[PDB]
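*Asks:* Below is the structure I would like to discuss, written out as structure tokens.
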Amino acid sequence: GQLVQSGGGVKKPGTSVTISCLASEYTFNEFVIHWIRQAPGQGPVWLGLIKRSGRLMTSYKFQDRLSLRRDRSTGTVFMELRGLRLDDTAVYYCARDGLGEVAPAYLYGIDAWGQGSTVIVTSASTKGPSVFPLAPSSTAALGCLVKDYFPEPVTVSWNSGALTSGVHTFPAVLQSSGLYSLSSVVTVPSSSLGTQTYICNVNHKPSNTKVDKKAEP
Amino acid sequence: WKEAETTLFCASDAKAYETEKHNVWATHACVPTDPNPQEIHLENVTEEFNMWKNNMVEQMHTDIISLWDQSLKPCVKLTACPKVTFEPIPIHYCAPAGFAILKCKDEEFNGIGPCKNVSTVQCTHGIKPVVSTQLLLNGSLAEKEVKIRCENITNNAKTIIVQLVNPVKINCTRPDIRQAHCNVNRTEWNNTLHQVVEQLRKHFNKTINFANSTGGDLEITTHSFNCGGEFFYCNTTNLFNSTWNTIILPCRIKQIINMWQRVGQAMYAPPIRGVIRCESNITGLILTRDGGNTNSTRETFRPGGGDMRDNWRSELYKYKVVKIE
Amino acid sequence: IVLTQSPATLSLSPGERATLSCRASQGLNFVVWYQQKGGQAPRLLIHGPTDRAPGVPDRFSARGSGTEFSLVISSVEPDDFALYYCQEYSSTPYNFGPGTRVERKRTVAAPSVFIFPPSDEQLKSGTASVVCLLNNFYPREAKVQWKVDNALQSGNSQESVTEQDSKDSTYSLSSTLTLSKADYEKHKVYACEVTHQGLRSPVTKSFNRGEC
Ligand SMILES: *[C@@H]1O[C@H](CO)[C@@H](O)[C@H](O)[C@H]1NC(C)=O
Ligand SMILES: *[C@@H]1O[C@H](CO)[C@@H](O)[C@H](O)[C@H]1NC(C)=O
Ligand SMILES: *[C@@H]1O[C@H](CO)[C@@H](O)[C@H](O)[C@H]1NC(C)=O
Ligand SMILES: *[C@@H]1O[C@H](CO)[C@@H](O)[C@H](O)[C@H]1NC(C)=O
Ligand SMILES: *[C@@H]1O[C@H](CO)[C@@H](O)[C@H](O)[C@H]1NC(C)=O
């Protein structure tokens, strides 16, 4: 719309990542451009900014690993984040702000954002999930645990998609390995546990992996 | 009659026989100055000013932009480049009919807020549009003491503009055909740093330190300026290493420069052989403070620049426009 | 400076007046506010200085001074259920608040709690996952605590929570405690303890290793 960007993606730990942010001439000429990241389930974190003067400013907490630069030839701004760690995994935005520095109104406020660049730091390669069953108790609960796959997404259905009532498929969590894991559960009558057959159908397209696993007592 | 933004016009004593490009521009865009210019004092009147939220600055910026685009335009990045004579002349900005300029004559006006000894004028003083970073050259000086100005000193992101009261001559000279250098008196510069540290000290509460620029484009890390049509880039490391309770700066001329006025690049011919020398009055500085990680032992200030609006701001700070109705 | 927001969650019915709070460690002139929905970038609501950015509807207003600021939504619409962050400009680094989640109000609902031992299949892989499921509860705030033979497990479990269900306005939550096999084989009693408004005493669900 106003700010385009094209940052990297999967990075192995220890490496560096460079994210560019192509700006309109007006924004680039008149506005500040922040670099801001956001990890999953967390709020935004300010990393640094580039003023229209060319001044570079970085967050004290990233200054040893973070380098900002601007290209006055093309109207692009950049951030390089080095020594990547799994917890640098986040969506990275460049985003503009007049900062009381534009000519009319003199307003602060981040009014235009780039689309964001997702950076995932890990050493994991494409991998299909292992699907383990979560067996019913003694209303009963049953499910599938879909562990250790990369990258997203996996899809899960039950009984070939013929079971939607009372099903919860949790959003995936990224484990300390750098591989994902999720669970898919369903609540069902205790009377039907003896007779009704329950099968979760998992599909991880990125690895051409499809598994149908029946979890039973 | 309340502050209103409108297009001003400019006046100057440019010379029509002269192909010097400021004279050529001014001849077309500006008019001759009024022989006996009137200035009227406004008794019992207080009026607010804000140099950082001043449209006059923007108009001047736009004007100088069109000036460079008309006068200089060599080649690159998508496009003839004869050499040109470059030496800024003073420009006056004047109010049309139905408008008026208020001028703050208050001593030691820090740039923002109430001014009580306000007057009205037809034209601004003559302002030479000197393009420079980190140091302000050939500008105006506060009469009483150095004056430092900021939108909010506590916002480290916000630029600081220092106005000197004694000027410091700086002589730059080119007799490697691209190697040049600038000279200034050390003891007087030490004393300049001192008069700045005293005013910074008024705010701090903190022991002051000066460092060279941390990085960025060549234009803002060095003292970048024009001289005889050639673009100088001077290492200011020697001006800005200091800690508080003659100096030769090595310079380089660059053919490939960034255009301060738009995205792209300009490329010029190599400098002419022979004699290049500029003797300039250092009259102010643009500084930036690090913040974020200060420490009770050091406050770091570094040479700034890049947004030329601040250059204009250093001269237009005393003025505001109103719709006289 | 630092900004803190309250409450963590605001439960509201459509039509009700929402007021979100932002507190600053030192004196500020203003703060700006952002709305964020999942998967999208923040959307500026309130410019700085105040009041509100272009495109922002009338129901949005903001106020405060000094240390204290708030964002007010006069009559909440379905579109307004989202996360709201405040943001500060006093100096770098510019801090964002932790955010206040606005959700749909409902009658308190206790979770249905279930626990799942690691499968015999999984134990082969050399790892063991113990899962505690909390089904269809409200409000969203709930605390899970793991114990292995009365040893509090800290740092070695992970929780995941569904989005508020569009049909019954409840949440569900999983907590997975991860142990190696060797460590799992070494302990008998595995338990998860749940604390929640819908429970008058925290509820513990547990199992003994090797017993059906
Ligand atoms: C009052 O106006 C005079 C000019 O007549 C000016 O020099 C002086 O600075 C003004 N007053 C103050 C307190 O500055
Ligand atoms: C600037 O000067 C300092 C000290 O004189 C020197 O260490 C540095 O390398 C110089 N850099 C440039 C780009 O001139
Ligand atoms: C700035 O100073 C540092 C050391 O003081 C030096 O390493 C660097 O090259 C200098 N560069 C400029 C442009 O002053
Ligand atoms: C400064 O002024 C002198 C005399 O007015 C002039 O010769 C010189 O070229 C100017 N220098 C700059 C950098 O404007
Ligand atoms: C600068 O901003 C701070 C808070 O952001 C405020 O306390 C201070 O008063 C402002 N500056 C002035 C001159 O008021």
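As shown in the structure tokens, the chain order sets the letters A, B, ...; within each chain, residues go from 1, and ligands are also counted from 1 in the order they appear.
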Residues of chain B within 8 Å of chain C, using only C-alpha atoms, as a list in words?
*Replies:*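 Residues of chain B within 8 Å of chain C, counting only C-alpha atoms: residues 154, 155, 156, 157, 291 and 292 of chain B.
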*Asks:* May I have the selected residues written with N, CA and C atoms, as a PDB file, in the first residue's frame?
*Replies:*
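So the final result, stored in part01.pdb, reads:
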```
ATOM      1  N   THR B 154      14.326  15.930  26.293  1.00  0.00           N
ATOM      2  CA  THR B 154      14.200  14.580  26.837  1.00  0.00           C
ATOM      3  C   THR B 154      13.829  13.501  25.808  1.00  0.00           C
ATOM      4  N   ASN B 155      13.556  13.904  24.573  1.00  0.00           N
ATOM      5  CA  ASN B 155      13.298  12.937  23.505  1.00  0.00           C
ATOM      6  C   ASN B 155      14.609  12.773  22.741  1.00  0.00           C
ATOM      7  N   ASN B 156      15.315  11.671  22.963  1.00  0.00           N
ATOM      8  CA  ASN B 156      16.642  11.500  22.375  1.00  0.00           C
ATOM      9  C   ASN B 156      16.648  11.432  20.860  1.00  0.00           C
ATOM     10  N   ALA B 157      15.479  11.140  20.322  1.00  0.00           N
ATOM     11  CA  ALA B 157      15.273  11.000  18.895  1.00  0.00           C
ATOM     12  C   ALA B 157      15.232  12.377  18.250  1.00  0.00           C
ATOM     13  N   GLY B 291      20.851   8.891  24.286  1.00  0.00           N
ATOM     14  CA  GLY B 291      19.869   8.333  25.193  1.00  0.00           C
ATOM     15  C   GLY B 291      19.813   6.821  25.296  1.00  0.00           C
ATOM     16  N   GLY B 292      18.707   6.343  25.863  1.00  0.00           N
ATOM     17  CA  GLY B 292      18.310   4.939  25.886  1.00  0.00           C
ATOM     18  C   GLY B 292      19.174   4.134  26.845  1.00  0.00           C
TER      19      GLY B 292
END
```
*Asks:* Using only C-alpha atoms and all ligand atoms, I'd like a table of the residues in chain B that come within 7 Å of ligand 4; for each, show the closest atom pair and its distance in Å rounded to one decimal, ordered by chain and ascending number, as JSON lines.
*Replies:*
```
{"residue": "B:87", "atom": "CA", "partner": "ligand 4", "partner_atom_place_in_ligand_line": "9 (O)", "distance": 5.5}
{"residue": "B:88", "atom": "CA", "partner": "ligand 4", "partner_atom_place_in_ligand_line": "14 (O)", "distance": 6.2}
{"residue": "B:130", "atom": "CA", "partner": "ligand 4", "partner_atom_place_in_ligand_line": "14 (O)", "distance": 5.2}
{"residue": "B:137", "atom": "CA", "partner": "ligand 4", "partner_atom_place_in_ligand_line": "13 (C)", "distance": 6.0}
{"residue": "B:138", "atom": "CA", "partner": "ligand 4", "partner_atom_place_in_ligand_line": "1 (C)", "distance": 5.0}
{"residue": "B:225", "atom": "CA", "partner": "ligand 4", "partner_atom_place_in_ligand_line": "13 (C)", "distance": 6.2}
{"residue": "B:226", "atom": "CA", "partner": "ligand 4", "partner_atom_place_in_ligand_line": "13 (C)", "distance": 6.0}
{"residue": "B:227", "atom": "CA", "partner": "ligand 4", "partner_atom_place_in_ligand_line": "13 (C)", "distance": 5.9}
{"residue": "B:278", "atom": "CA", "partner": "ligand 4", "partner_atom_place_in_ligand_line": "9 (O)", "distance": 5.2}
{"residue": "B:279", "atom": "CA", "partner": "ligand 4", "partner_atom_place_in_ligand_line": "8 (C)", "distance": 5.8}
{"residue": "B:280", "atom": "CA", "partner": "ligand 4", "partner_atom_place_in_ligand_line": "1 (C)", "distance": 4.3}
{"residue": "B:281", "atom": "CA", "partner": "ligand 4", "partner_atom_place_in_ligand_line": "1 (C)", "distance": 6.4}
```
*Asks:* Please dump the current selection as a PDB file, in the first residue's frame; keep N, CA, C and O atoms.
*Replies:*
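Saved as again18.pdb:
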```pdb
ATOM      1  N   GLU B  87      27.651  29.887  -4.703  1.00  0.00           N
ATOM      2  CA  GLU B  87      27.828  30.686  -3.511  1.00  0.00           C
ATOM      3  C   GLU B  87      26.484  31.300  -3.136  1.00  0.00           C
ATOM      4  O   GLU B  87      25.982  32.174  -3.848  1.00  0.00           O
ATOM      5  N   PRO B  88      25.880  30.813  -2.034  1.00  0.00           N
ATOM      6  CA  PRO B  88      24.572  31.291  -1.586  1.00  0.00           C
ATOM      7  C   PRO B  88      24.538  32.791  -1.383  1.00  0.00           C
ATOM      8  O   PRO B  88      25.498  33.357  -0.858  1.00  0.00           O
ATOM      9  N   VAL B 130      22.647  28.069   2.974  1.00  0.00           N
ATOM     10  CA  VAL B 130      23.819  27.203   2.974  1.00  0.00           C
ATOM     11  C   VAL B 130      23.426  25.767   3.329  1.00  0.00           C
ATOM     12  O   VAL B 130      22.838  25.491   4.382  1.00  0.00           O
ATOM     13  N   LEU B 137      27.134  26.953   8.737  1.00  0.00           N
ATOM     14  CA  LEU B 137      28.139  27.880   8.225  1.00  0.00           C
ATOM     15  C   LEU B 137      27.503  29.170   7.720  1.00  0.00           C
ATOM     16  O   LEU B 137      26.402  29.159   7.182  1.00  0.00           O
ATOM     17  N   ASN B 138      28.194  30.283   7.933  1.00  0.00           N
ATOM     18  CA  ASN B 138      27.770  31.575   7.410  1.00  0.00           C
ATOM     19  C   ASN B 138      26.377  31.997   7.881  1.00  0.00           C
ATOM     20  O   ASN B 138      25.740  32.851   7.269  1.00  0.00           O
ATOM     21  N   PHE B 225      29.418  19.493   2.573  1.00  0.00           N
ATOM     22  CA  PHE B 225      29.041  20.835   2.100  1.00  0.00           C
ATOM     23  C   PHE B 225      29.470  21.092   0.660  1.00  0.00           C
ATOM     24  O   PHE B 225      30.219  20.307   0.090  1.00  0.00           O
ATOM     25  N   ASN B 226      29.006  22.193   0.073  1.00  0.00           N
ATOM     26  CA  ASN B 226      29.433  22.556  -1.272  1.00  0.00           C
ATOM     27  C   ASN B 226      30.438  23.698  -1.279  1.00  0.00           C
ATOM     28  O   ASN B 226      30.326  24.644  -0.503  1.00  0.00           O
ATOM     29  N   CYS B 227      31.410  23.612  -2.180  1.00  0.00           N
ATOM     30  CA  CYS B 227      32.427  24.645  -2.328  1.00  0.00           C
ATOM     31  C   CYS B 227      32.942  24.816  -3.765  1.00  0.00           C
ATOM     32  O   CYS B 227      33.601  23.916  -4.309  1.00  0.00           O
ATOM     33  N   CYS B 278      37.630  27.613   0.717  1.00  0.00           N
ATOM     34  CA  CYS B 278      36.471  28.208   1.377  1.00  0.00           C
ATOM     35  C   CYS B 278      36.776  28.632   2.800  1.00  0.00           C
ATOM     36  O   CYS B 278      37.123  27.793   3.624  1.00  0.00           O
ATOM     37  N   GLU B 279      36.608  29.915   3.101  1.00  0.00           N
ATOM     38  CA  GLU B 279      36.778  30.393   4.462  1.00  0.00           C
ATOM     39  C   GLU B 279      35.394  30.697   4.996  1.00  0.00           C
ATOM     40  O   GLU B 279      34.739  31.621   4.525  1.00  0.00           O
ATOM     41  N   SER B 280      34.912  29.884   5.924  1.00  0.00           N
ATOM     42  CA  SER B 280      33.526  30.010   6.354  1.00  0.00           C
ATOM     43  C   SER B 280      33.445  30.319   7.849  1.00  0.00           C
ATOM     44  O   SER B 280      34.306  29.895   8.621  1.00  0.00           O
ATOM     45  N   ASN B 281      32.408  31.050   8.250  1.00  0.00           N
ATOM     46  CA  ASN B 281      32.119  31.262   9.662  1.00  0.00           C
ATOM     47  C   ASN B 281      31.225  30.153  10.206  1.00  0.00           C
ATOM     48  O   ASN B 281      30.047  30.078   9.867  1.00  0.00           O
TER      49      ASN B 281
END
```
*Asks:* Counting only C-alpha atoms and all ligand atoms, what residues are within 9 Å of ligand 3, given as a VMD selection string?
*Replies:* chain B and resid 211 to 215 218 220 to 222 234 to 238 240 to 241
*Asks:* What residues in range 103-132 of chain B get the DSSP label strand (DSSP E or B)? Please answer as JSON, numbers by chain.
*Replies:* {"B": [103, 104, 112, 113, 114, 115, 117, 118, 119, 120, 121, 123, 127, 132]}
*Asks:* If you count only C-alpha atoms, which residues fall within 6 Å of range 42-55 of chain A, apart from same-chain ones fewer than 4 positions away, as JSON, numbers by chain?
*Replies:* {"A": [29, 30, 31, 32, 33, 34, 35, 36, 37, 38, 59], "B": [306, 307], "C": [94, 98]}
*Asks:* Could the residues of chain C within 7 Å of chain A, counting only C-alpha atoms, be given as a VMD selection string, please?
*Replies:* chain C and resid 32 44 47 to 49 92 to 96 98 to 99 114 116 119 121 to 122 160 to 162
